[PDB]
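Two separate entries follow, structure 1 and structure 2, each one form of the same protein chain as C-alpha coordinates.
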Structure 1
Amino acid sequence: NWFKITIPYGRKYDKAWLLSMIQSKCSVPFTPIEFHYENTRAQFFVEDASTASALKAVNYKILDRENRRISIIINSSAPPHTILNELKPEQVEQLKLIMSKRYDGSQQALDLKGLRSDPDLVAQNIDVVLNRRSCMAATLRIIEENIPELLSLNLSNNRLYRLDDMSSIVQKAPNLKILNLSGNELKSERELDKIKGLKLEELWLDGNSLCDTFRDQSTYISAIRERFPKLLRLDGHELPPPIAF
(Lines of atoms letter the chains of each structure in order from A and count residues from 1; the text may use other names and numbers.)
(Lines give C-alpha, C1' and ligand atoms only; values in the text may rest on other atoms or scores of the structure.)
Protein backbone atom coordinates (compact mmCIF):
# COMPACT_ATOMS: atom_id res chain seq x y z
CA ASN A 1 0.00 0.00 0.00
CA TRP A 2 0.74 3.53 -1.03
CA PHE A 3 3.34 6.31 -0.98
CA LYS A 4 3.42 9.94 -2.12
CA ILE A 5 6.76 10.94 -3.63
CA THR A 6 7.51 14.68 -3.54
CA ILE A 7 10.27 16.21 -5.62
CA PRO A 8 10.95 19.80 -4.58
CA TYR A 9 11.51 22.21 -7.46
CA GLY A 10 10.47 19.22 -9.61
CA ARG A 11 8.30 21.49 -11.75
CA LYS A 12 11.33 22.73 -13.66
CA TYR A 13 12.36 19.33 -15.04
CA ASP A 14 11.31 17.26 -18.06
CA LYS A 15 8.92 14.54 -16.85
CA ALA A 16 10.40 11.89 -19.18
CA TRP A 17 13.99 12.81 -18.29
CA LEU A 18 13.51 13.20 -14.57
CA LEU A 19 11.72 9.86 -14.43
CA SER A 20 14.48 8.37 -16.54
CA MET A 21 17.25 9.68 -14.27
CA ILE A 22 15.36 8.47 -11.24
CA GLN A 23 14.46 5.13 -12.78
CA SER A 24 18.03 4.57 -13.94
CA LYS A 25 19.58 5.03 -10.51
CA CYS A 26 16.81 3.05 -8.83
CA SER A 27 17.46 -0.56 -7.83
CA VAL A 28 13.82 -1.31 -8.55
CA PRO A 29 11.51 -0.79 -11.53
CA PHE A 30 8.68 1.58 -10.63
CA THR A 31 5.51 2.85 -12.26
CA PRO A 32 4.60 6.37 -11.10
CA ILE A 33 0.87 6.91 -10.42
CA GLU A 34 -0.76 10.27 -10.97
CA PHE A 35 2.43 12.14 -11.70
CA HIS A 36 1.39 15.77 -11.49
CA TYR A 37 2.86 19.26 -10.89
CA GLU A 38 1.78 21.20 -7.85
CA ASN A 39 3.30 24.65 -7.43
CA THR A 40 7.02 24.18 -7.81
CA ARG A 41 6.86 20.52 -6.79
CA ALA A 42 6.47 17.49 -8.99
CA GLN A 43 4.43 14.79 -7.30
CA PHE A 44 3.54 11.16 -7.86
CA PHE A 45 2.56 7.92 -6.12
CA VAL A 46 3.99 4.48 -5.88
CA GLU A 47 2.52 1.20 -4.72
CA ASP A 48 4.69 -0.26 -1.95
CA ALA A 49 7.33 0.21 0.78
CA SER A 50 9.97 -1.74 -1.11
CA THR A 51 9.64 0.64 -4.06
CA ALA A 52 9.38 3.70 -1.82
CA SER A 53 12.65 3.27 0.11
CA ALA A 54 14.37 2.27 -3.14
CA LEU A 55 13.26 5.68 -4.41
CA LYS A 56 14.64 7.28 -1.21
CA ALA A 57 18.01 5.67 -1.99
CA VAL A 58 18.36 7.72 -5.18
CA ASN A 59 18.66 10.85 -3.04
CA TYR A 60 22.35 11.59 -3.29
CA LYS A 61 22.76 9.63 -6.51
CA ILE A 62 21.33 12.21 -8.89
CA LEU A 63 22.11 15.67 -10.13
CA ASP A 64 20.38 18.03 -12.50
CA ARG A 65 22.29 19.65 -15.35
CA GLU A 66 23.05 22.73 -13.26
CA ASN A 67 25.03 20.49 -10.91
CA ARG A 68 22.37 20.84 -8.22
CA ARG A 69 20.97 17.79 -6.38
CA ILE A 70 17.44 16.52 -6.77
CA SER A 71 15.63 15.41 -3.61
CA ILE A 72 13.21 12.54 -3.42
CA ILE A 73 10.88 12.82 -0.45
CA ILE A 74 8.65 9.96 0.63
CA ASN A 75 5.49 9.74 2.73
CA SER A 76 2.93 7.00 3.22
CA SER A 77 -0.48 8.08 1.93
CA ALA A 78 -4.04 7.21 0.97
CA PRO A 79 -4.37 5.37 -2.31
CA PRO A 80 -4.74 7.84 -5.23
CA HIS A 81 -8.25 8.44 -6.57
CA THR A 82 -7.65 6.63 -9.84
CA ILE A 83 -6.81 3.61 -7.69
CA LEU A 84 -9.81 4.03 -5.40
CA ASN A 85 -12.07 4.28 -8.48
CA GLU A 86 -11.21 0.85 -9.75
CA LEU A 87 -14.09 -1.56 -9.28
CA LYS A 88 -14.02 -4.01 -6.42
CA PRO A 89 -14.61 -7.74 -7.10
CA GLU A 90 -18.07 -7.51 -5.58
CA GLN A 91 -18.90 -4.59 -7.87
CA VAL A 92 -17.61 -6.40 -10.95
CA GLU A 93 -19.87 -9.25 -9.87
CA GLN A 94 -22.92 -7.01 -10.02
CA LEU A 95 -21.60 -5.57 -13.29
CA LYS A 96 -21.57 -9.00 -14.94
CA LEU A 97 -25.14 -9.35 -13.63
CA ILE A 98 -26.43 -6.12 -15.20
CA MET A 99 -24.72 -6.81 -18.51
CA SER A 100 -26.66 -10.08 -18.68
CA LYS A 101 -30.00 -8.23 -18.46
CA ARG A 102 -28.74 -6.00 -21.26
CA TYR A 103 -27.78 -9.06 -23.28
CA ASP A 104 -30.01 -10.40 -26.07
CA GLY A 105 -29.43 -14.11 -26.66
CA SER A 106 -31.19 -14.41 -30.01
CA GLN A 107 -28.99 -11.72 -31.47
CA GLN A 108 -25.90 -12.12 -29.31
CA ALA A 109 -26.21 -8.36 -28.76
CA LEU A 110 -24.88 -6.54 -25.69
CA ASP A 111 -26.54 -3.19 -24.98
CA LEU A 112 -24.27 -0.95 -22.86
CA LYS A 113 -25.86 2.29 -23.97
CA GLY A 114 -25.67 5.00 -21.32
CA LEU A 115 -24.47 2.35 -18.90
CA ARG A 116 -23.58 4.75 -16.05
CA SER A 117 -27.28 5.46 -15.43
CA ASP A 118 -28.46 1.89 -15.15
CA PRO A 119 -30.86 1.93 -12.13
CA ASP A 120 -29.37 -1.32 -10.83
CA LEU A 121 -25.90 0.25 -10.81
CA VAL A 122 -27.21 3.45 -9.20
CA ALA A 123 -29.05 1.35 -6.58
CA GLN A 124 -25.83 -0.41 -5.52
CA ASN A 125 -23.61 2.63 -5.55
CA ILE A 126 -21.65 1.41 -8.46
CA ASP A 127 -20.13 4.18 -10.54
CA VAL A 128 -19.30 2.80 -13.97
CA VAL A 129 -17.51 5.24 -16.26
CA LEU A 130 -16.49 3.50 -19.44
CA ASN A 131 -13.97 6.21 -20.33
CA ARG A 132 -12.01 5.01 -17.28
CA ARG A 133 -9.44 2.36 -18.17
CA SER A 134 -10.22 0.09 -15.19
CA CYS A 135 -13.90 0.18 -16.16
CA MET A 136 -13.26 -0.55 -19.81
CA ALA A 137 -10.94 -3.38 -18.80
CA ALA A 138 -13.46 -5.03 -16.46
CA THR A 139 -16.21 -4.75 -19.05
CA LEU A 140 -14.09 -6.37 -21.75
CA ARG A 141 -12.86 -9.11 -19.42
CA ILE A 142 -16.45 -9.91 -18.54
CA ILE A 143 -17.11 -10.13 -22.27
CA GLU A 144 -14.04 -12.29 -22.85
CA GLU A 145 -15.04 -14.74 -20.11
CA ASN A 146 -18.78 -14.93 -20.64
CA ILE A 147 -19.64 -14.01 -24.21
CA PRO A 148 -16.55 -13.96 -26.50
CA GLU A 149 -18.97 -14.88 -29.31
CA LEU A 150 -20.39 -11.36 -29.03
CA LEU A 151 -21.86 -10.22 -32.31
CA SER A 152 -23.36 -6.82 -31.56
CA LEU A 153 -22.06 -4.19 -29.14
CA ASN A 154 -23.74 -0.92 -28.17
CA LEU A 155 -21.57 1.69 -26.50
CA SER A 156 -23.48 4.81 -27.49
CA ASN A 157 -23.93 7.72 -25.07
CA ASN A 158 -21.08 6.80 -22.70
CA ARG A 159 -18.92 9.95 -22.91
CA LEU A 160 -16.09 8.06 -24.53
CA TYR A 161 -13.24 10.46 -25.17
CA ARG A 162 -11.10 7.81 -26.81
CA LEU A 163 -10.76 4.15 -27.69
CA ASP A 164 -7.26 3.43 -26.42
CA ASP A 165 -8.68 1.13 -23.74
CA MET A 166 -10.72 -0.81 -26.31
CA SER A 167 -7.83 -1.99 -28.47
CA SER A 168 -7.81 -5.47 -26.97
CA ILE A 169 -11.38 -6.02 -28.12
CA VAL A 170 -10.14 -7.26 -31.46
CA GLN A 171 -8.84 -10.28 -29.55
CA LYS A 172 -11.56 -10.39 -26.84
CA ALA A 173 -14.66 -10.38 -29.07
CA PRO A 174 -13.19 -11.58 -32.38
CA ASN A 175 -16.50 -12.08 -34.20
CA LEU A 176 -17.90 -8.67 -33.36
CA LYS A 177 -19.73 -7.46 -36.49
CA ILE A 178 -21.88 -4.56 -35.22
CA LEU A 179 -20.64 -1.58 -33.16
CA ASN A 180 -22.49 1.54 -32.09
CA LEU A 181 -20.27 4.34 -30.82
CA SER A 182 -22.64 7.18 -31.53
CA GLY A 183 -23.25 9.95 -29.01
CA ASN A 184 -19.72 9.96 -27.62
CA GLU A 185 -16.78 12.39 -27.70
CA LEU A 186 -14.49 10.73 -30.24
CA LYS A 187 -12.51 13.62 -31.68
CA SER A 188 -11.07 12.04 -34.82
CA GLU A 189 -11.36 9.09 -37.18
CA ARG A 190 -7.95 7.98 -35.94
CA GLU A 191 -9.58 6.62 -32.78
CA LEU A 192 -10.70 3.88 -35.20
CA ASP A 193 -7.19 2.49 -35.85
CA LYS A 194 -7.12 1.23 -32.33
CA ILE A 195 -9.81 -1.21 -33.17
CA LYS A 196 -9.33 -1.52 -36.93
CA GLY A 197 -8.74 -5.25 -36.43
CA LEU A 198 -12.51 -5.73 -36.13
CA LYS A 199 -14.29 -7.23 -39.11
CA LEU A 200 -17.21 -4.82 -38.79
CA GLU A 201 -20.32 -4.92 -41.00
CA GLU A 202 -22.26 -2.22 -39.17
CA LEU A 203 -20.99 0.87 -37.33
CA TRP A 204 -22.39 4.13 -35.95
CA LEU A 205 -20.35 7.27 -35.36
CA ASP A 206 -22.86 10.12 -35.42
CA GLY A 207 -22.85 12.47 -32.45
CA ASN A 208 -19.08 12.21 -32.26
CA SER A 209 -17.47 15.48 -33.31
CA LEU A 210 -15.14 13.47 -35.55
CA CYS A 211 -17.89 13.40 -38.20
CA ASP A 212 -17.66 17.16 -38.70
CA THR A 213 -14.02 16.93 -39.88
CA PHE A 214 -15.31 16.02 -43.35
CA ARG A 215 -16.55 18.17 -46.21
CA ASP A 216 -18.89 15.43 -47.45
CA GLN A 217 -20.29 11.96 -46.79
CA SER A 218 -18.17 10.39 -49.55
CA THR A 219 -14.82 11.19 -47.92
CA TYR A 220 -16.36 10.28 -44.58
CA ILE A 221 -17.40 6.96 -46.01
CA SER A 222 -14.04 6.09 -47.54
CA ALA A 223 -12.26 7.15 -44.34
CA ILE A 224 -14.18 4.49 -42.39
CA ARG A 225 -13.73 1.94 -45.17
CA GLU A 226 -9.95 2.10 -44.83
CA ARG A 227 -10.39 0.47 -41.44
CA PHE A 228 -13.46 -1.60 -42.27
CA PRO A 229 -13.30 -2.55 -45.98
CA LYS A 230 -16.34 -4.85 -45.71
CA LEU A 231 -18.47 -2.31 -43.87
CA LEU A 232 -22.05 -2.65 -45.17
CA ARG A 233 -23.96 -0.14 -43.04
CA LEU A 234 -22.84 3.15 -41.45
CA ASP A 235 -24.97 5.32 -39.13
CA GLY A 236 -28.01 3.33 -40.23
CA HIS A 237 -27.48 3.83 -43.96
CA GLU A 238 -26.74 1.12 -46.51
CA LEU A 239 -23.46 1.84 -48.24
CA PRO A 240 -22.64 1.38 -51.92
CA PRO A 241 -20.77 -1.91 -52.25
CA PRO A 242 -16.94 -1.96 -52.10
CA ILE A 243 -15.40 -1.21 -55.51
CA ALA A 244 -14.98 -4.52 -57.33
CA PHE A 245 -11.54 -6.10 -57.69
Structure 2
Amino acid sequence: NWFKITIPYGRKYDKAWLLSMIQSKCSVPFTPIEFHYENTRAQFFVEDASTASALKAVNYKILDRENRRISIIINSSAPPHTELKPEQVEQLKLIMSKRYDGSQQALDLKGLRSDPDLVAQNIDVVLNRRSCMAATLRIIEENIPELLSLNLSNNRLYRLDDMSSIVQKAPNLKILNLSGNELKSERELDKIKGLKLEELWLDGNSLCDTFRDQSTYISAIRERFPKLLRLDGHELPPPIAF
Protein backbone atom coordinates (compact mmCIF):
# COMPACT_ATOMS: atom_id res chain seq x y z
CA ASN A 1 0.00 0.00 0.00
CA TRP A 2 1.08 3.46 -1.11
CA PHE A 3 1.86 6.95 0.13
CA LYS A 4 1.61 10.25 -1.79
CA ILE A 5 4.32 12.80 -0.92
CA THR A 6 3.33 16.44 -1.44
CA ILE A 7 5.59 19.42 -1.58
CA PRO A 8 3.50 22.58 -1.49
CA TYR A 9 5.24 25.17 -3.72
CA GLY A 10 7.52 22.47 -5.15
CA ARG A 11 7.06 23.82 -8.67
CA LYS A 12 8.98 26.77 -7.29
CA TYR A 13 12.19 24.72 -7.19
CA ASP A 14 14.50 22.97 -9.70
CA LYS A 15 13.49 19.30 -9.68
CA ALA A 16 17.01 17.96 -9.32
CA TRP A 17 17.88 20.42 -6.56
CA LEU A 18 14.70 19.62 -4.70
CA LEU A 19 14.90 15.83 -4.92
CA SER A 20 18.59 15.90 -3.97
CA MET A 21 18.12 18.23 -1.02
CA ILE A 22 15.36 15.99 0.11
CA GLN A 23 17.42 12.80 -0.25
CA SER A 24 20.32 14.59 1.44
CA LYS A 25 18.28 14.86 4.65
CA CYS A 26 16.33 11.64 4.16
CA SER A 27 17.85 8.75 6.09
CA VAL A 28 17.16 6.25 3.30
CA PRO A 29 17.61 5.98 -0.45
CA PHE A 30 14.27 6.46 -2.15
CA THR A 31 12.80 6.78 -5.61
CA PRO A 32 10.02 9.12 -6.73
CA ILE A 33 7.04 7.29 -8.30
CA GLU A 34 5.06 9.04 -11.07
CA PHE A 35 6.44 12.42 -9.86
CA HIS A 36 4.28 15.22 -11.28
CA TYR A 37 3.37 18.85 -10.82
CA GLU A 38 -0.20 19.96 -9.89
CA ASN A 39 -0.47 23.75 -9.90
CA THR A 40 2.48 24.93 -7.82
CA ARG A 41 2.90 21.74 -5.89
CA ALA A 42 5.12 18.73 -6.34
CA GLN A 43 3.73 15.25 -5.95
CA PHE A 44 5.22 11.78 -5.95
CA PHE A 45 4.44 8.28 -4.64
CA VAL A 46 6.17 5.85 -2.35
CA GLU A 47 5.73 2.04 -2.38
CA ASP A 48 6.20 1.45 1.40
CA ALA A 49 5.66 3.03 4.86
CA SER A 50 9.22 3.05 6.30
CA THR A 51 10.25 5.31 3.42
CA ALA A 52 7.24 7.64 3.75
CA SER A 53 7.93 8.13 7.47
CA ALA A 54 11.55 8.94 6.58
CA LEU A 55 10.48 11.42 3.92
CA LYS A 56 8.16 12.82 6.55
CA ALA A 57 11.15 13.62 8.84
CA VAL A 58 12.51 16.08 6.21
CA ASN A 59 9.65 18.58 6.81
CA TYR A 60 10.98 22.02 7.87
CA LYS A 61 14.54 20.70 7.47
CA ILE A 62 15.36 22.06 3.97
CA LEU A 63 15.80 25.81 3.59
CA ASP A 64 15.40 27.63 0.25
CA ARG A 65 17.16 30.49 -1.55
CA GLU A 66 14.75 32.93 0.15
CA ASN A 67 15.11 31.59 3.72
CA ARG A 68 11.75 29.82 3.56
CA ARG A 69 11.39 26.27 4.86
CA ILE A 70 10.09 23.49 2.62
CA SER A 71 6.98 21.60 3.65
CA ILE A 72 6.65 17.89 3.06
CA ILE A 73 3.10 16.55 3.48
CA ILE A 74 2.67 12.76 3.69
CA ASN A 75 -0.56 10.74 3.10
CA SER A 76 -1.61 7.08 2.72
CA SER A 77 -2.89 6.44 -0.74
CA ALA A 78 -4.47 4.39 -3.45
CA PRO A 79 -1.83 3.29 -5.93
CA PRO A 80 -0.85 5.84 -8.63
CA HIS A 81 -3.03 6.43 -11.72
CA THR A 82 -6.46 6.33 -10.04
CA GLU A 83 -12.29 13.22 -8.58
CA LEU A 84 -11.63 16.96 -8.14
CA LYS A 85 -8.41 19.01 -7.91
CA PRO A 86 -8.13 22.06 -5.59
CA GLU A 87 -7.29 24.39 -8.52
CA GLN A 88 -10.43 22.99 -10.13
CA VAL A 89 -12.42 23.41 -6.87
CA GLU A 90 -11.03 26.91 -6.33
CA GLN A 91 -12.35 27.74 -9.83
CA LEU A 92 -15.71 26.26 -8.92
CA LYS A 93 -15.60 28.34 -5.70
CA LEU A 94 -14.84 31.34 -7.98
CA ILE A 95 -17.88 30.79 -10.23
CA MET A 96 -20.28 30.30 -7.34
CA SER A 97 -19.23 33.64 -5.82
CA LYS A 98 -20.11 35.06 -9.21
CA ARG A 99 -23.58 33.52 -9.28
CA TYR A 100 -24.14 34.54 -5.68
CA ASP A 101 -26.27 37.40 -4.45
CA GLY A 102 -25.87 38.93 -1.00
CA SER A 103 -28.87 41.24 -1.30
CA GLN A 104 -31.08 38.12 -1.18
CA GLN A 105 -28.64 35.41 0.03
CA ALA A 106 -29.28 33.48 -3.17
CA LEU A 107 -27.11 31.01 -5.01
CA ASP A 108 -27.95 30.35 -8.69
CA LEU A 109 -26.65 27.12 -10.18
CA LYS A 110 -28.85 26.57 -13.25
CA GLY A 111 -27.25 24.59 -16.07
CA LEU A 112 -23.72 24.45 -14.81
CA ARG A 113 -21.87 22.08 -17.14
CA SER A 114 -23.04 24.70 -19.59
CA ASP A 115 -21.04 27.54 -17.95
CA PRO A 116 -18.66 29.62 -20.16
CA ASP A 117 -15.82 30.09 -17.61
CA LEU A 118 -15.72 26.42 -16.49
CA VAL A 119 -16.08 25.20 -20.07
CA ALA A 120 -13.53 27.81 -21.14
CA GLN A 121 -10.96 26.04 -18.91
CA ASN A 122 -11.94 22.35 -19.47
CA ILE A 123 -13.67 21.92 -16.11
CA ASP A 124 -16.67 19.66 -16.45
CA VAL A 125 -18.87 20.60 -13.48
CA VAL A 126 -21.20 17.63 -13.12
CA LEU A 127 -23.52 17.94 -10.11
CA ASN A 128 -25.00 14.50 -10.95
CA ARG A 129 -21.80 13.13 -9.50
CA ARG A 130 -21.54 12.45 -5.77
CA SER A 131 -18.11 14.10 -5.35
CA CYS A 132 -18.91 17.18 -7.44
CA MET A 133 -22.08 17.87 -5.39
CA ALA A 134 -20.15 17.18 -2.17
CA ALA A 135 -17.58 19.80 -3.19
CA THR A 136 -20.31 22.41 -4.00
CA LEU A 137 -21.81 21.89 -0.53
CA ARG A 138 -18.60 22.28 1.46
CA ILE A 139 -17.99 25.51 -0.45
CA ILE A 140 -21.47 26.58 0.69
CA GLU A 141 -20.93 25.63 4.34
CA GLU A 142 -17.46 27.23 4.42
CA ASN A 143 -18.58 30.48 2.78
CA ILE A 144 -22.33 31.25 2.91
CA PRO A 145 -24.04 29.34 5.72
CA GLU A 146 -26.78 31.96 5.81
CA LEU A 147 -27.74 30.96 2.25
CA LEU A 148 -31.54 31.24 1.92
CA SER A 149 -32.39 30.51 -1.73
CA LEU A 150 -30.74 27.88 -3.98
CA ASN A 151 -31.56 27.43 -7.66
CA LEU A 152 -30.41 24.02 -8.95
CA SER A 153 -32.62 23.58 -12.01
CA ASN A 154 -31.35 21.90 -15.22
CA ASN A 155 -28.55 19.80 -13.84
CA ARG A 156 -29.91 16.33 -14.58
CA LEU A 157 -30.22 15.55 -10.85
CA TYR A 158 -31.34 11.99 -10.25
CA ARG A 159 -30.51 11.11 -6.67
CA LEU A 160 -30.92 13.54 -3.82
CA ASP A 161 -29.00 11.37 -1.35
CA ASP A 162 -26.09 13.51 -2.55
CA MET A 163 -27.43 16.71 -0.89
CA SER A 164 -28.60 14.66 2.08
CA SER A 165 -26.04 16.63 4.13
CA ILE A 166 -27.53 19.98 3.04
CA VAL A 167 -29.78 20.16 6.07
CA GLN A 168 -26.73 20.94 8.21
CA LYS A 169 -24.64 22.94 5.77
CA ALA A 170 -27.46 25.30 4.74
CA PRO A 171 -29.60 25.53 7.95
CA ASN A 172 -31.88 28.35 6.82
CA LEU A 173 -32.33 27.42 3.19
CA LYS A 174 -35.99 28.18 2.42
CA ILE A 175 -36.18 28.52 -1.38
CA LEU A 176 -35.17 25.49 -3.43
CA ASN A 177 -35.58 25.35 -7.20
CA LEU A 178 -35.25 21.82 -8.59
CA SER A 179 -37.26 22.29 -11.82
CA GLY A 180 -36.01 21.01 -15.19
CA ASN A 181 -34.28 17.94 -13.70
CA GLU A 182 -34.38 14.16 -13.81
CA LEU A 183 -35.92 12.95 -10.57
CA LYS A 184 -38.18 9.91 -11.11
CA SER A 185 -39.86 9.08 -7.76
CA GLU A 186 -41.13 11.41 -5.06
CA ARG A 187 -39.07 9.26 -2.68
CA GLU A 188 -36.14 11.52 -3.47
CA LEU A 189 -37.57 14.24 -1.22
CA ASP A 190 -37.24 12.06 1.85
CA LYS A 191 -33.48 12.77 1.69
CA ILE A 192 -33.89 16.52 2.31
CA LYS A 193 -37.11 16.76 4.31
CA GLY A 194 -35.31 18.44 7.24
CA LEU A 195 -35.27 21.73 5.33
CA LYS A 196 -37.93 24.21 6.44
CA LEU A 197 -38.73 25.28 2.86
CA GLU A 198 -41.37 27.94 2.12
CA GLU A 199 -40.74 27.74 -1.61
CA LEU A 200 -40.19 24.79 -3.94
CA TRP A 201 -40.13 24.04 -7.68
CA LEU A 202 -40.24 20.51 -9.11
CA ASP A 203 -41.74 20.74 -12.56
CA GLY A 204 -39.91 19.19 -15.50
CA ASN A 205 -39.15 16.14 -13.39
CA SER A 206 -40.72 12.77 -14.24
CA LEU A 207 -42.09 12.45 -10.67
CA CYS A 208 -44.57 15.19 -11.44
CA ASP A 209 -46.17 12.96 -14.04
CA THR A 210 -46.69 10.53 -11.13
CA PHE A 211 -49.72 12.48 -9.93
CA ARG A 212 -53.14 12.59 -11.63
CA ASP A 213 -54.59 15.49 -9.63
CA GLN A 214 -52.59 18.59 -8.61
CA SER A 215 -54.21 18.46 -5.13
CA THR A 216 -52.51 15.06 -4.51
CA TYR A 217 -49.17 16.31 -5.74
CA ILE A 218 -49.43 19.31 -3.36
CA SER A 219 -50.42 17.03 -0.44
CA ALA A 220 -47.56 14.60 -1.09
CA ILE A 221 -45.03 17.45 -0.97
CA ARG A 222 -46.48 19.31 2.02
CA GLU A 223 -46.12 15.83 3.52
CA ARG A 224 -42.39 16.58 3.50
CA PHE A 225 -42.58 20.38 3.87
CA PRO A 226 -45.51 21.50 6.11
CA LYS A 227 -44.53 25.19 6.26
CA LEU A 228 -44.59 25.19 2.41
CA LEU A 229 -46.25 28.28 0.92
CA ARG A 230 -45.41 28.56 -2.76
CA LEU A 231 -44.82 25.90 -5.39
CA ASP A 232 -43.82 25.89 -9.07
CA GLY A 233 -44.60 29.59 -9.33
CA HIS A 234 -47.92 29.61 -7.49
CA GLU A 235 -49.59 30.71 -4.24
CA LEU A 236 -50.50 27.77 -2.03
CA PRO A 237 -53.98 27.08 -0.71
CA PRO A 238 -53.02 27.28 3.05
CA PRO A 239 -52.53 24.10 5.17
CA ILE A 240 -55.61 22.65 6.88
CA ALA A 241 -54.86 21.55 10.44
CA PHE A 242 -56.15 18.83 12.76
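Shifts are known only where both forms have a C-alpha. Take the two forms, superpose them, and find the largest set of C-alpha atoms that agree within 1.5 Å; that set is the rigid core. Residue indices: 1-based, along structure 1.
(request) Superpose on the rigid core and name the single residue from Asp206, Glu201, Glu47, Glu185 whose Cα moves by 2 angstroms or more between structure 1 and structure 2. (result) Spelled out, the residue whose C-alpha shifts by 2 Å or more is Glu47.
(message) Is the shift of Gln107 between structure 1 and structure 2 large enough to count as movement, that is, does its C-alpha move by 2 Å or more after the core is superposed?
(response) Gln107 C-alpha, core-superposed: shift of less than 2 Å.
(request) Using a superposition on the rigid core, decide whether the Cα position of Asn75 changes by 2 angstroms or more between structure 1 and structure 2. (result) Yes, the C-alpha position differs by at least 2 Å between structure 1 and structure 2.
(request) For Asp14, state whether the C-alpha moves by 2 Å or more between structure 1 and structure 2 after rigid core superposition. (result) Indeed, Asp14 is displaced by 2 Å or more.
(message) Once the core is aligned, what is the C-alpha displacement of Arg215 between structure 1 and structure 2? Give it in Å to one decimal.
(response) C-alpha displacement of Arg215 between structure 1 and structure 2: 1.0 Å.
(request) State the core-superposed CA shift for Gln124 between structure 1 and structure 2, in Å to one decimal. (result) Here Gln124 registers a C-alpha shift of 1.2 Å.
(request) Determine the segments between structure 1 and structure 2 made of three or more consecutive residues whose Cα atoms all move at least 2 Å, using the rigid core for the superposition and only residues common to both forms. (result) Run found: 1-82, no others.
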